[PDB]
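Shown next: work.cif, containing mmCIF, C-alpha atoms (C1' of nucleotides).
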data_data
#
loop_
_atom_site.group_PDB
_atom_site.id
_atom_site.type_symbol
_atom_site.label_atom_id
_atom_site.label_comp_id
_atom_site.auth_asym_id
_atom_site.auth_seq_id
_atom_site.Cartn_x
_atom_site.Cartn_y
_atom_site.Cartn_z
ATOM 1 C CA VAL A 42 122.885 112.202 103.575
ATOM 2 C CA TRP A 43 119.224 112.978 102.959
ATOM 3 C CA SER A 44 117.903 109.981 104.888
ATOM 4 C CA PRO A 45 114.087 109.625 105.303
ATOM 5 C CA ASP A 46 114.225 111.186 108.784
ATOM 6 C CA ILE A 47 116.528 114.069 107.836
ATOM 7 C CA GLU A 48 114.490 114.355 104.640
ATOM 8 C CA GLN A 49 111.317 114.434 106.726
ATOM 9 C CA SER A 50 112.471 117.316 108.930
ATOM 10 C CA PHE A 51 113.795 119.100 105.848
ATOM 11 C CA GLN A 52 110.348 118.828 104.275
ATOM 12 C CA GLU A 53 109.018 120.065 107.613
ATOM 13 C CA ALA A 54 111.343 123.076 107.503
ATOM 14 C CA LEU A 55 110.121 123.969 104.004
ATOM 15 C CA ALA A 56 106.576 124.186 105.361
ATOM 16 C CA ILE A 57 107.722 126.012 108.485
ATOM 17 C CA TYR A 58 109.942 128.600 106.791
ATOM 18 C CA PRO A 59 108.217 129.883 103.614
ATOM 19 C CA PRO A 60 110.432 130.800 100.609
ATOM 20 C CA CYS A 61 112.086 134.232 100.569
ATOM 21 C CA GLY A 62 111.252 137.181 98.343
ATOM 22 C CA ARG A 63 113.945 139.572 97.138
ATOM 23 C CA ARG A 64 115.170 140.201 100.692
ATOM 24 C CA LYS A 65 117.305 137.215 101.664
ATOM 25 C CA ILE A 66 118.739 138.418 104.959
ATOM 26 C CA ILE A 67 117.375 139.169 108.423
ATOM 27 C CA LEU A 68 118.964 140.090 111.768
ATOM 28 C CA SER A 69 118.043 138.668 115.170
ATOM 29 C CA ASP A 70 117.669 140.905 118.228
ATOM 30 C CA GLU A 71 121.251 139.990 119.142
ATOM 31 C CA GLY A 72 122.411 140.890 115.638
ATOM 32 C CA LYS A 73 123.219 137.469 114.202
ATOM 33 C CA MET A 74 122.378 137.459 110.507
ATOM 34 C CA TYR A 75 119.857 134.913 109.276
ATOM 35 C CA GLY A 76 118.981 133.183 106.038
ATOM 36 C CA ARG A 77 116.261 130.662 105.210
ATOM 37 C CA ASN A 78 118.609 127.735 104.577
ATOM 38 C CA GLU A 79 120.402 128.548 107.828
ATOM 39 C CA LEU A 80 117.099 128.374 109.706
ATOM 40 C CA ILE A 81 116.251 125.181 107.831
ATOM 41 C CA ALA A 82 119.591 123.651 108.805
ATOM 42 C CA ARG A 83 118.974 124.834 112.365
ATOM 43 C CA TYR A 84 115.540 123.200 112.449
ATOM 44 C CA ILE A 85 117.018 119.912 111.225
ATOM 45 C CA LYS A 86 119.268 119.736 114.282
ATOM 46 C CA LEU A 87 116.305 120.665 116.487
ATOM 47 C CA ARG A 88 114.190 117.726 115.337
ATOM 48 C CA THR A 89 116.687 115.249 113.888
ATOM 49 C CA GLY A 90 119.715 116.023 116.032
ATOM 50 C CA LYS A 91 122.024 115.644 113.047
ATOM 51 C CA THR A 92 124.207 118.355 111.512
ATOM 52 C CA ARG A 93 123.367 119.618 108.029
ATOM 53 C CA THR A 94 125.433 122.478 106.622
ATOM 54 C CA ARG A 95 123.869 125.708 105.382
ATOM 55 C CA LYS A 96 125.339 124.814 101.982
ATOM 56 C CA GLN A 97 124.153 121.195 102.057
ATOM 57 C CA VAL A 98 120.635 122.584 102.322
ATOM 58 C CA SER A 99 121.169 125.025 99.454
ATOM 59 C CA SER A 100 122.382 122.137 97.303
ATOM 60 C CA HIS A 101 119.261 120.125 98.075
ATOM 61 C CA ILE A 102 116.933 123.068 97.406
ATOM 62 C CA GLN A 103 118.645 123.249 94.030
ATOM 63 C CA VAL A 104 118.283 119.618 92.951
ATOM 64 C CA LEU A 105 114.579 119.584 93.835
ATOM 65 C CA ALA A 106 114.191 122.666 91.655
ATOM 66 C CA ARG A 107 116.111 120.890 88.888
ATOM 67 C CA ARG A 108 113.913 117.783 89.053
ATOM 68 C CA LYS A 109 110.577 119.605 88.934
ATOM 69 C CA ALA A 110 111.976 121.721 86.099
ATOM 70 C CA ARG A 111 112.639 118.492 84.198
ATOM 71 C CA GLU A 112 109.453 116.550 84.971
ATOM 72 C CA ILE A 113 107.403 119.432 83.547
ATOM 73 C CA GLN A 114 109.358 119.772 80.291
ATOM 74 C CA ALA A 115 109.867 116.051 79.791
ATOM 75 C CA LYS A 116 106.077 116.156 79.620
ATOM 76 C CA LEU A 117 106.246 119.150 77.269
ATOM 77 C CA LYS A 118 108.621 117.133 75.084
ATOM 78 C CA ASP A 119 107.031 113.681 75.281
ATOM 79 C CA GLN A 120 104.030 115.095 73.421
ATOM 80 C CA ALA A 121 105.884 117.650 71.296
ATOM 81 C CA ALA A 122 107.439 114.703 69.460
ATOM 82 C CA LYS A 123 104.062 113.002 69.041
ATOM 83 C CA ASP A 124 102.588 116.255 67.743
ATOM 84 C CA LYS A 125 105.511 116.804 65.367
ATOM 85 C CA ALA A 126 105.241 113.323 63.852
ATOM 86 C CA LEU A 127 101.510 113.492 63.101
ATOM 87 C CA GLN A 128 102.063 116.909 61.508
ATOM 88 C CA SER A 129 105.207 116.026 59.549
ATOM 89 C CA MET A 130 103.355 112.992 58.225
ATOM 90 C CA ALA A 131 100.079 114.795 57.482
ATOM 91 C CA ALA A 132 102.109 116.838 54.994
ATOM 92 C "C1'" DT B 1 122.493 111.836 83.628
ATOM 93 C "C1'" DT B 2 122.376 113.664 88.223
ATOM 94 C "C1'" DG B 3 122.720 113.783 93.204
ATOM 95 C "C1'" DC B 4 125.820 115.601 95.784
ATOM 96 C "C1'" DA B 5 129.460 119.261 96.783
ATOM 97 C "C1'" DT B 6 131.829 123.398 95.677
ATOM 98 C "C1'" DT B 7 132.655 127.985 93.649
ATOM 99 C "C1'" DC B 8 130.838 132.607 91.818
ATOM 100 C "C1'" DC B 9 127.757 136.320 92.227
ATOM 101 C "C1'" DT B 10 125.600 139.988 94.581
ATOM 102 C "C1'" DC B 11 122.949 141.504 98.304
ATOM 103 C "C1'" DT B 12 122.658 143.435 103.746
ATOM 104 C "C1'" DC B 13 125.071 144.699 107.531
ATOM 105 C "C1'" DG C 1 135.279 142.356 105.315
ATOM 106 C "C1'" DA C 2 131.726 139.127 107.169
ATOM 107 C "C1'" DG C 3 128.129 136.393 106.066
ATOM 108 C "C1'" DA C 4 124.095 135.224 103.622
ATOM 109 C "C1'" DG C 5 121.026 132.885 99.421
ATOM 110 C "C1'" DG C 6 121.016 131.244 94.984
ATOM 111 C "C1'" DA C 7 122.881 130.533 90.309
ATOM 112 C "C1'" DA C 8 127.079 128.308 88.175
ATOM 113 C "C1'" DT C 9 130.149 124.918 87.958
ATOM 114 C "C1'" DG C 10 132.560 120.525 89.374
ATOM 115 C "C1'" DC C 11 132.255 115.771 89.818
ATOM 116 C "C1'" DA C 12 131.773 110.563 90.469
ATOM 117 C "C1'" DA C 13 128.165 106.709 89.718
#
Just give me the structure as structure tokens.
Amino acid sequence: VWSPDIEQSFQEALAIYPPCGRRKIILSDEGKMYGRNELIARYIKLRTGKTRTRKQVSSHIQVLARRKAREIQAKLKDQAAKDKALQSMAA
DNA sequence: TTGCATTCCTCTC
DNA sequence: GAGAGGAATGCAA
């Protein structure tokens, strides 16, 4: 589903299409309405050839955000317990 | 526990 | 109403 090749081009898309600000929507000269994940999905097909839904992309963007949000706090908790012990014991 | 999908929300048009 | 991104849920493994 997120095979190394599809994953590669997805990582490529992330570098190609920078993250959006508050404005999430843009119109082409023909009037078709565009989002970042839609472009990302589009770029996948361009390089991979495979089909990845606009929503499949959004799901992936989410889980990567989840992970990094964990890895940072799991570090802020792995030491918060070591700090708590030394303090609770120093009492 | 979490990587997937799927709904819910709120924006532009 | 159409269609979008992103947060909320839903859901096996």
Mind listing as a PDB file with C-alpha atoms (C1' of nucleotides), in the frame of the given file all residues within 9 Å of (125.4, 129.3, 99.8), counting only C-alpha atoms (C1' of nucleotides)?
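out23.pdb written:
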ATOM      1  CA  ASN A  78     118.609 127.735 104.577  1.00  0.00           C
ATOM      2  CA  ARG A  95     123.869 125.708 105.382  1.00  0.00           C
ATOM      3  CA  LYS A  96     125.339 124.814 101.982  1.00  0.00           C
ATOM      4  CA  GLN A  97     124.153 121.195 102.057  1.00  0.00           C
ATOM      5  CA  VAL A  98     120.635 122.584 102.322  1.00  0.00           C
ATOM      6  CA  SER A  99     121.169 125.025  99.454  1.00  0.00           C
ATOM      7  CA  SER A 100     122.382 122.137  97.303  1.00  0.00           C
TER       8      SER A 100
ATOM      9  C1'  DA C   4     124.095 135.224 103.622  1.00  0.00           C
ATOM     10  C1'  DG C   5     121.026 132.885  99.421  1.00  0.00           C
ATOM     11  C1'  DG C   6     121.016 131.244  94.984  1.00  0.00           C
TER      12       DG C   6
END
Produce a table with one row for each residue of chain A that has an atom at most 9 Å from any atom of chain C, each row naming the nearest atom pair and its distance in Å at one decimal; use only C-alpha atoms (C1' of nucleotides); arrange rows by chain and rising residue number; format as a Markdown table.
| residue | atom | partner | partner_atom | distance |
| --- | --- | --- | --- | --- |
| A:65 | CA | C:5 | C1' | 6.1 |
| A:66 | CA | C:4 | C1' | 6.4 |
| A:74 | CA | C:3 | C1' | 7.3 |
| A:75 | CA | C:4 | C1' | 7.1 |
| A:76 | CA | C:4 | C1' | 6.0 |
| A:77 | CA | C:5 | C1' | 7.8 |
| A:78 | CA | C:5 | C1' | 7.7 |
| A:79 | CA | C:4 | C1' | 8.7 |
| A:99 | CA | C:6 | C1' | 7.7 |
| A:103 | CA | C:6 | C1' | 8.4 |
Show me, as CSV, the residues of chain B having an atom within 10 Å of chain A, each with the closest atom pair and its distance in Å, using only C-alpha atoms (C1' of nucleotides).
residue,atom,partner,partner_atom,distance
B:2,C1',A:104,CA,8.6
B:3,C1',A:104,CA,7.3
B:4,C1',A:100,CA,7.5
B:5,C1',A:100,CA,7.7
B:6,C1',A:96,CA,9.2
B:11,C1',A:65,CA,7.8
B:12,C1',A:66,CA,6.5
B:13,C1',A:74,CA,8.3
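CA of residue 71 (chain A) is positioned 23.1 Å from CA of residue 92 (chain A).
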Just how far from CA of residue 57 (chain A) is CA of residue 44 (chain A), in Å to one decimal?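 Between CA of residue 44 (chain A) and CA of residue 57 (chain A) the gap works out to 19.3 Å.
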